[PDB]
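Chains as they are written, first to last, in full-length UniProt numbering: chain A, 1 to 94; chain B, 2 to 131; chain C, 6 to 140; chain D, 1 to 38; chain E, 1 to 136.
Where is the CB? At the ideal position from N, CA and C, for every residue including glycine.
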Amino acid sequence: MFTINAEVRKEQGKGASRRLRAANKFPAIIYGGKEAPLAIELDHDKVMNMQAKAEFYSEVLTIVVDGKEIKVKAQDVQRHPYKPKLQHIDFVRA
Amino acid sequence: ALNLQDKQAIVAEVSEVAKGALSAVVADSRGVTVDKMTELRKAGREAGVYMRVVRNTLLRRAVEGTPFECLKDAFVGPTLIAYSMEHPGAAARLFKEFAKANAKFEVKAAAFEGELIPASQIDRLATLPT
Amino acid sequence: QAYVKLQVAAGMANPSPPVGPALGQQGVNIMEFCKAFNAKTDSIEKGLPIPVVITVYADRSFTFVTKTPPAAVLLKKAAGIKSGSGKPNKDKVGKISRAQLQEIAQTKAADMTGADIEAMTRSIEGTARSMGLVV
Amino acid sequence: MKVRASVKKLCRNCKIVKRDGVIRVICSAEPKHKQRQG
Amino acid sequence: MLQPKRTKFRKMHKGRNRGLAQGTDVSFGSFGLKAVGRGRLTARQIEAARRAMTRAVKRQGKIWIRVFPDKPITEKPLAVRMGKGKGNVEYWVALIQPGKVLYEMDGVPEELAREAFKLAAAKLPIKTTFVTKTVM
RNA sequence: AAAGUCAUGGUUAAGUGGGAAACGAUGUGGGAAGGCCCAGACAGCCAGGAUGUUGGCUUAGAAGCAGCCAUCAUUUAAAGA
Ligand SMILES: [Mg+2]
Ligand SMILES: [Mg+2]
Ligand SMILES: [Mg+2]
Ligand SMILES: [Mg+2]
Ligand SMILES: [Mg+2]
Ligand SMILES: [Mg+2]
Ligand SMILES: [Mg+2]
Ligand SMILES: [Zn+2]
């Protein structure tokens, strides 16, 4: 059972996303169901060890944000073009 | 190899130790292939592939199972003397094959303690009950 | 003490063109290299290569313990082949059947090294497969 | 001696050493594997 | 040497080579040779790096070449002045951006494909890195 | 040659700073897992590297070592035709 921490993004856009990935982070979003989309930001080195498992893209993950277990699945991922890093992850609510 | 499968290789000592009563010892200053074959080619004409010629005489491995079973062996952790637990026997006839191979091209690393199964002395009691 | 095995089959007694200087190194005269080679060679069936152990005692004498011929020649009578394996995977020579090895497995269970005949059975499987002749 | 911009362990008994600011490959089994970076 | 069988036009402008690459995932095989550098690969460079990885795996496996040279390059000869036309087509290139998987392979152990994409990276003028197939 | 031999916390030992690439290298600082261990590791020292076996040919003799092939398998601590 993967558990991932997350804070809610204050600022959004092109320059703010560049400014997170410098500081060992990357933005994500959770979308699905009756509830609005939730734009969160993740820690880069914690997820990059989890993502190297083939069990990551098949199980129902749990993101903890503002004290709330949200059970989502990995829908899409943007990888860096030549560095082994992560740019952005989509999550669809389970 | 990781420690959990080593933790059944402490269990693998026990049931060999539990069944075995008589044990003879050796060391290797000049460990030859054939100097261990002298006791195993001799073993096949008597019994099976039951026996281990491997060593467990390390400062935690045969030390922990010693208050468990056969408590005299908690002193021979160091000083380079190993264990080979033959499963049957009661003062059997399988002693000097590690020891007579010392005279035949080996330079005496063992000093042949004898394991004291009737709690005997260090002298070889070559009487063998037929 | 140099107990290595070097001769050809029975038809060449005192075999100076096959042996040469090989067993002729020591101070032992050749009259017990040729005629005391016949204590096992003419003692059985001729023509087949018996290896013989020479350990040179200090009194110019020797004794030995006999054994079976190699995995070529006792299997060569069970093959009949003359050239061994001429490029097997690019064109085949033949094969060795498994069940024919039983007669030799009950033959060589006297001196050949070990007590488990069944463990010697898969020993002559892959050894027969080693000869270009897939068992 | 070999003098090369690329020096390497060529066999199993080659040791890479740095003496006075130069990477050298000194060997003990083979005299042909001795090297000096240049 | 790879080359188009036909072109609509014989010549082309020079252009620029900015941007990131598109064929970034390993699509077909299991392992890749991704481009970290920028530049252009001529057809003699693409094909010398193919003979070096084909020989290294001993005709056992399957190789993909993800890039094709289709930009013709002109040159003017020696002792020719600057006007009087555009030069004659001399060779063919492929324009490479950072993030381009160049070659692919499967059907080999991963340790054999480390060492064949090393003997073939030697013949290329851009800096490369070894990638594998990812799940999503 | 006018104005900080300024404070604080780091890095560099190359006069790098104060010219140059593919490539090479136990140079040195930092970081999350990387990755083997008190069922004694890692490095040295006490030691084998057997057995069938020399696996057979074409060759100059072909035996692990000229190349060509199978490269299994026993006595099984382990020893790879
Ligand atoms: Mg901007
Ligand atoms: Mg000097
Ligand atoms: Mg343009
Ligand atoms: Mg483009
Ligand atoms: Mg002044
Ligand atoms: Mg100061
Ligand atoms: Mg060590
Ligand atoms: Zn060397």
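Inset, instruction - Would you check whether ligand 1 has a heavy atom nearer than 7 Å to the C-beta of A/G67? - result: No; taking the cut-off as 7 Å, the Cβ of A/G67 has no heavy atom of ligand 1 nearer than that.
Legend entry - Complete alpha helix (DSSP H) runs within the region 81-135 of chain C (minimum length 4 residues, chain order): You should have 107-112, 122-126 and 128-134.
Inset, instruction - Count the CB pairs spanning the region 4-20 of chain B and the region 60-67 of chain B that are closer than 8 Å, and state whether there are at least three. - result: Output reads yes: the region 60-67 of chain B touches the region 4-20 of chain B.
Legend entry - E/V36 vs E/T132 beta-carbon contact at 8 Å: No. Outside cutoff.
Legend entry - Extent of the continuous beta strand (DSSP E) run through D/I26: Looking at the DSSP string, the run of the beta strand (DSSP E) that includes D/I26 is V22 to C27.
Legend entry - For review: beta carbons within less than 6 Å of any heavy atom in ligand 8: Every residue passing the under-6 Å Cβ criterion appears here: D/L10, D/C11, D/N13, D/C14, D/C27, D/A29, D/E30 and D/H33.
Inset, instruction - Drop a sphere of 10 angstroms on the beta-carbon of C/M36, count the other beta-carbons inside from all chains shown, and report buried for 16 or more, exposed for fewer. - result: It counts as exposed.
Inset, instruction - Compile a chain-ordered list of the residues in the region 90-122 of chain C whose CB is closer than 9 Å to at least one CB of chain B. - result: Along the region 90-122 of chain C, the positions whose C-beta sits under 9 Å from a C-beta of chain B are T118, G119, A120 and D121, read in chain order.
Legend entry - Same chain, Cβ closer than 7 Å to C/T73, neighbours up to 5 away in sequence not counted: So the qualifying residues of the chain are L79, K113, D116 and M117.
Inset, instruction - Measure from the C-beta of B/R46 to each C-beta in chain C and report whether the shortest distance is under 8 Å. - result: Interface residue, yes.
Legend entry - A/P81: contacting residues in chain E (beta-carbon distance under 7 Å): Annotation: Cβ neighbours of A/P81 in chain E (cutoff 7 Å, chain order): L20, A21, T24, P98 and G99.
Inset, instruction - Take C/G16 as the anchor and find which of C/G99, C/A84 and C/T46 has the nearest alpha-carbon. - result: Closest by alpha carbon: C/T46.
Legend entry - Three-pair Cβ contact test at 8 Å for the region 77-86 of chain A versus the region 21-38 of chain E: Yes, the region 77-86 of chain A touches the region 21-38 of chain E.
Inset, instruction - Please confirm whether A/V60 and A/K73 have their CB atoms less than 8 Å apart. - result: Yes, these two residues count as a Cβ contact at 8 Å.
Inset, instruction - Name the two residues that bound the continuous alpha helix (DSSP H) containing C/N43. - result: Taken as a continuous stretch (DSSP letters only), the alpha helix (DSSP H) holding C/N43 covers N43 to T46.
Inset, instruction - Could you please give me the residues that DSSP links to E/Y91 through a beta bridge? - result: Beta-bridge partners of E/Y91 (DSSP): E/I73.
Inset, instruction - Would you kindly work out how many angstroms separate the C-alpha atoms of C/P20 and C/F42, rounded to a whole number? - result: Between C/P20 and C/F42, the C-alpha separation is close to 11 Å.
Legend entry - chain A residues whose Cβ lies nearer than 9 Å to that of E/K34: In chain order: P81 and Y82.
Inset, instruction - Could you check which residue in B/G78, B/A100 and B/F96 has the C-alpha nearest to that of B/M86? - result: Of B/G78, B/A100 and B/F96, the residue nearest in Cα terms is B/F96.
Inset, instruction - Report the rounded CA-to-CA distance for A/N5 versus A/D43, giving the unit in angstroms. - result: Straight-line Cα distance between these residues: approximately 8 Å.
Inset, instruction - Evaluate E/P69 with the Cβ neighbour count: other Cβ atoms within 10 Å of its Cβ, from every protein chain shown; 16 or more gives buried, anything less gives exposed. - result: E/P69 counts as buried, since no fewer than 16 other beta carbons sit within 10 angstroms of its beta carbon.
Legend entry - Proximity below 8 Å, CB of B/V18 to CB of B/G66: Yes; because the gap between Cβ atoms is below 8 Å, this pair is in contact.
Inset, instruction - Tell me whether the beta-carbon of E/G87 lies closer than 8 Å to the beta-carbon of E/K76. - result: If you check the CB distance, E/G87 and E/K76 come in under 8 Å.
Legend entry - Closer than 9 Å at the beta carbon, the chain E residues around A/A54: Result: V135.
Legend entry - Cβ-heavy atom distance, A/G15 to ligand 1, below 7 Å: At least one heavy atom of ligand 1 is nearer than 7 Å to the Cβ of A/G15, so yes.
Legend entry - Every unbroken alpha helix (DSSP H) inside the region 12-77 of chain C [4 residues or more]: With a minimum length of 4 residues, the continuous alpha helix (DSSP H) runs that stay inside the region 12-77 of chain C are 36-39 and 43-46.
Inset, instruction - Kindly list, in the order they appear in chain A, the residues whose Cβ is closer than 7 Å to that of E/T129. - result: In chain order: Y82.
Legend entry - Continuous beta strand (DSSP E) stretch holding A/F26: start and end: That run of the beta strand (DSSP E) goes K25 to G32.
Inset, instruction - Mind listing the chain E neighbours of A/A74? Cutoff is C-beta to C-beta under 9 Å, in chain order. - result: Under the 9 Å cutoff, chain E gives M136.
Inset, instruction - Anything in chain E within Cβ reach of A/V77, meaning under 8 Å, just list it in chain order. - result: Within 8 Å of the CB of A/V77, the CB atoms of chain E belong to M136, in sequence order along the chain.
Inset, instruction - Run the proximity test for E/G83: is its beta-carbon closer than 7 Å to any non-hydrogen atom belonging to ligand 4? - result: No, the Cβ of E/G83 stays beyond 7 Å of every heavy atom of ligand 4.
Inset, instruction - Specify the secondary structure class of D/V3 as computed by DSSP and reduced to three states. - result: Here D/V3 sits in strand by DSSP.
Legend entry - Any 3 or more C-beta pairs closer than 8 Å across the region 22-38 of chain C and the region 96-109 of chain B: In short, these stretches do not touch, since the Cβ pair count stays below three.
Inset, instruction - Please list, in chain order, all residues of the same chain as E/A52 whose beta carbon is under 8 Å from its beta carbon, the five residues on each side excluded. - result: The beta carbon of E/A52 sits closer than 8 Å to the beta carbons of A116, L119, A120, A122 and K123 from its chain, once the five residues preceding and following it are set aside; these are given in chain order.
Legend entry - D/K2 versus D/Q35: straight-line alpha-carbon distance, rounded: Each residue's alpha carbon lies about 5 Å from the other.
Legend entry - Cβ shell of E/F31 (< 6 Å), same chain only, five flanking positions each side left out: Closer than 6 Å at Cβ, skipping near neighbours: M105, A113 and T132.
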